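Take a look at the structure below.
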Amino acid sequence: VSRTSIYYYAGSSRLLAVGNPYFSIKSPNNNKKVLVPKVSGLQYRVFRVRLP
Amino acid sequence: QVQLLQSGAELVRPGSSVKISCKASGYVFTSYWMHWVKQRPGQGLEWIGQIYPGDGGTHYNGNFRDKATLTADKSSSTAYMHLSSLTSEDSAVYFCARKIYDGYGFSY
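Chains as they are written, first to last, in this note's numbering: chain D, 5 to 56; chain R, 239 to 346.
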């Protein structure tokens, strides 16, 4: 692999997240869909970027 | 979709005990206080109490004190009231009360 001097910036906007830090609350009837997702400091916040 | 089912008619004997219940769905039951009410025929409504399914913390009216035993159950998603030694002046209609999560007044 030989490298060229052509540089390209990229940048995302402010990704946000908000919810309950203890447990996910689901809909009472539909027992597969969430209502408020569970998010704390302790999760591995692993990202998955895509490139053109 | 939220709903409060209620059995419409109930025939009993004076001096006995009757188990009145209403069914809760469409929302999460442990996140709301529940109230019960009585409209005397030829009179306005009368508020009797205040009950939470989450802990079981009860509240009664002093004029209904020892007259109704507010208890519920969380598995079948219903709350109960149970009038003890019933007399003729409590021959009336009854609803169970649901407010908004804010809880100013009774929405459903």
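The C-beta atom is built at its ideal place from N, Cα and C for all residues, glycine as well.
Tell me, please, whether the CB atom of residue i is closer than 8 Å to any CB atom in chain R?
i, result
"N33 of chain D", "yes"
Report the partner residues of residue i according to the DSSP bridge assignment.
i, result
"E284 of chain R", "R:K276"
"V331 of chain R", "R:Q277"
"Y12 of chain D", "According to DSSP, which records beta bridges pairwise, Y12 of chain D is partnered with nothing at all."
"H320 of chain R", "R:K257"
"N24 of chain D", "D:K42"
I want to see whether chain D comes within less than 8 Å of residue i, judged by CB atoms only; does it?
i, result
"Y265 of chain R", "yes"
Am I right that residue i and residue j are in contact with their C-beta atoms under 8 Å? What's the rounded C-beta distance?
i, j, result
"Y270 of chain R", "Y339 of chain R", "7 Å"
"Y346 of chain R", "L242 of chain R", "6 Å"
Would a C-beta distance cut-off of 8 Å place residue i and residue j closer than the cut-off?
i, j, result
"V331 of chain R", "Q288 of chain R", "no"
"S259 of chain R", "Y318 of chain R", "yes"
"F333 of chain R", "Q244 of chain R", "yes"
"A306 of chain R", "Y298 of chain R", "yes"
Okay, do the stretch 23 to 42 of chain D and the stretch 253 to 265 of chain R touch, 3+ Cβ pairs below 8 Å being the bar?
yes
So, does the stretch 43 to 51 of chain D touch the stretch 318 to 328 of chain R, judging by three or more C-beta pairs under 8 Å?
Per the Cβ contact rule, the stretch 43 to 51 of chain D is not in contact with the stretch 318 to 328 of chain R (fewer than 3 Cβ pairs under 8 Å).
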